[PDB]
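One chain is shown next in structure tokens, namely the form deposited in one PDB entry.
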């Protein structure tokens, strides 16, 4: 029964069978109950604060060739850009001036900055009294060590898919084993460590999604970023189907149920495939929002997938936009850095 699966989730009997059935049931009443459960767990464990992470996508140069990603190296159609270190620091300062308590630096895997330019930038942003999150992809342990020494607080490295065969096919420069070793290294170095997957990748099954949930639970990640796969026309996956919003939303809800004290963003991809998708996701277990703080003329060139929200908006629009969002949702903006606040339990 849908009823029995909810009871088992409520009782924290997180068996593969329970998770598979939750993901497989396509009953509206069940889905709405699951979303309510996640929303309640979110409210109880992490409260009504929605944490704002200002993201600066500072370079779209990439050395890797992931089949799903518009920044893949084989995409010749794309104008490549790099913000200067001074531009990045001053852009971060403007976000802090707008009230951002976390700055997220994200890029393609761009060799130019690695590792010392990143270290310099992180040190300057840390002087501003905010959290710094890096999302720069896979690099040697030494680089991650230098960045932690420089003051970085968190690292987002989505695991993408926990199916090693699918992972290797979609990410031909690397492997799930590498990705996992990176994530374990980040944990060992003391970063708040973020993982998470895409939903609806070509060839990905419900069993794969269950494996993603069990992977996340196993490693007790501090942040989990989940979103639908969105096909990009200048990639080998151009003609594949987009991920299903409702299924992806169920993954978010189950992640909250499994990791009740984690930080879980309402990802931009959720807002891209369905108008108002981020707001929905914030009401089904998410507690974090990541407004775009990349300046023009670069914002429109960071084309991981098409249709990406925020691209046509003014340079400073997105922090005010999410503050309005937070208020109309009956929520509150985060007061502190929004680090993970563990609730130890049984």
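Numbering follows the first chain given and starts at 1. Only residues modelled in both forms are compared. Throughout, rigid core stands for the largest set of C-alpha atoms superposing within 1.5 Å between the two forms.
Just so you know, the form deposited in another entry exists too; it's not on screen, but the next bit is about it.
With the rigid core aligned between this form and the one not shown, the listed residues 35, 68, 293, 302 include just one Cα displaced by at least 2 Å, namely that of 302. Once you line up the core between this form and the one not shown, the Cα of residue 279 stays within less than 2 Å of where it was. With a cut-off of 2 Å and the rigid core superposed, residue 49 has a Cα displacement that falls short of the cut-off between this form and the one not shown. Core-superposed comparison between this form and the one not shown: the CA of residue 311 exceeds or equals a 2 Å shift.
Relative to the shown form, the Cα atoms of residue 306 and residue 204 move apart by 3 Å or more in that other deposited form. The pair residue 303 and residue 323 is at least 3 angstroms closer at the CA level in that other deposited form than in the present model. Displacement of the C-alpha atoms by 2 Å or more across three or more consecutive residues between this form and the one not shown, following core superposition, is confined to the runs 300 to 314, 344 to 346.
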